[PDB]
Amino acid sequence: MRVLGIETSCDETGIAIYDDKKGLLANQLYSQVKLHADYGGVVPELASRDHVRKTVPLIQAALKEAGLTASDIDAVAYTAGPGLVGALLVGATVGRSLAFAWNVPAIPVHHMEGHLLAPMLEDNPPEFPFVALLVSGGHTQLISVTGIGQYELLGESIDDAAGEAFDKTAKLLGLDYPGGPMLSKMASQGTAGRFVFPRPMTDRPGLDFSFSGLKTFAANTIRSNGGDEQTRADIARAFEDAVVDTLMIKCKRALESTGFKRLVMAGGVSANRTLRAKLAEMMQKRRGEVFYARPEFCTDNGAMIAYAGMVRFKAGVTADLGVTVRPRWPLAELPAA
């Protein structure tokens, strides 16, 4: 079959078409980062307005890309939450009404389940069970995954998510919002070990995270040192190394707790070069396996929604005629499949 997936949860409009035989047939994306940069954060009303401008044109482009017509589509999946209510509503209203007009099922998709299943789009996808580390702008969670919709929350950040931590320190370094990826580029030129950040919540037991204290440590380090490019790169590297070391320690403890041999990483921060290398190295030493999405499917995109939509449709999940969005929607509450 073929599913059209629609993602409008925050500031990316992503549309994709996934065929369960031939794989991904189309993938279209518009990122609004330039629209929000001048404000230092996503402005919900501007985000909502721009999804209206992009959603239909990118669906039209997706069909053209794939060389498909309306009749080739078997279901429409759309992100229903979590996310920004105004942004979710655009993709969800377009999606549900399109499905009605095409007389195909409409599949409401959980945004984080989309992230979690993104590594399934690659060759050699993970088998159950696995530990999943979801690390994005607003989420940082460890999950025990024993099957589709069988997600047990093991731990989560009690403050800043890893992604927002990257963005806040990047802002302190004078980078444009969201500066996470650019901080990582700076870090690549940094001298290992010149500064040393703490690894919060690693001295105590448990699987929860905290990153807010790293913004403070960064701020104080920045103001107490010189402003030359090398020093700034050294600060970026010490920050990145501390976040990565913290995530690795927590992943290790999750693998210990569950007994699992597979670790899946997803969400925007899973695009991080240092994190990908360090978790791969860890899994090699454990004689286990790591799994991640291609870098462009780590951050928000439509491909993961088309895929998760296909999985959910096959599990019997469809929408009635109501358009329901859920801006806060815990992953652990999804029905098993």
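Residue positions are given as counts along the sequence shown, with the first one as 1.
Residue range whose averaged C-alpha B-factor is higher in the record, 22-30 or 293-301: Higher mean C-alpha B-factor in the PDB entry: 22-30.
Select between 236-244 and 253-261 the stretch whose C-alpha atoms have the higher average B-factor in the entry. Here the higher of the two C-alpha B-factor means belongs to 253-261.
Highest-ranked of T79, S184, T202, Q141 once sorted by CA temperature factor in the record: Most elevated C-alpha B-factor of the set, per the entry: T202.
Of the options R96, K168, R194, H115, which has the highest CA B factor as deposited? The listed residue with the largest C-alpha B-factor is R194.
Could you tell me which third, lowest, middle or highest, the C-alpha B-factor of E12 occupies within its chain? Middle third, going by the recorded CA B-factors of the chain.
Pull the Cα B-factor of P57 out of the PDB entry and bin it into the chain's lowest, middle or highest third. Tercile = lowest for this residue's CA B-factor.
Using the temperature factors of the C-alpha atoms in this entry, rank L89 within its chain: lowest, middle or highest third. It falls in the bottom third of the chain.
Which third, lowest, middle or highest, does the C-alpha temperature factor of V43 belong to within its own chain? Lowest third, going by the recorded CA B-factors of the chain.
Third assignment of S270 from its chain's C-alpha B-factors: Bottom third by C-alpha B-factor.
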